[PDB]
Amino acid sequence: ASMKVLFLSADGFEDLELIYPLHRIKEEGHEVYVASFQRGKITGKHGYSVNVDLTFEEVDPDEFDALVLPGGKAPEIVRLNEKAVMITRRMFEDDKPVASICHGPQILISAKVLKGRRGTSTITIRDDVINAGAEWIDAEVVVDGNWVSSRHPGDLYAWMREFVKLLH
């Protein structure tokens, strides 16, 4: 079956980490939506632009089948938005497929869903993932039930290779 996949991001996203899964997932015939603080566009660390489909306030988590959490600087401000964190917690706790890369897990940390879980992130926040109760693993991709996690843009091939398997 086809899915509606939600992406949470903001200005300062790591360009490849948002744009790669958008296209890769759309290739499969899934529908992709980007939520952020405001309608309009968001701009990456490296200058690429992405259109925003809806705001965090507008999101009904029950309307979406899967969640993607790219990295960059964006997770540090996205994790301060209580709605974005509530969306994340709801979707993750409902056991919907959730994909994260790089700093994306800072949103998962804030969502208080990582205790007893296993995955990865940029190693620069390894200690924070551990402090959130998860086992941190240094690997290109980790699959922990619904949670598919990778570290950085070198891992993109493996990240979506594993994530697309959950999107049916």
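Throughout, we count residues from 1 along the sequence that is shown.
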item	value
36-44 set against 100-108, stretch whose average Cα temperature factor tops the other in the entry	36-44
Mean C-alpha temperature factor, higher of 56-64 and 121-129	56-64
Residue 79 by Cα B-factor - lowest, middle or highest third of the modelled chain	lowest
Chain-wide C-alpha B factor ranking for residue 69, given as lowest, middle or highest third	lowest
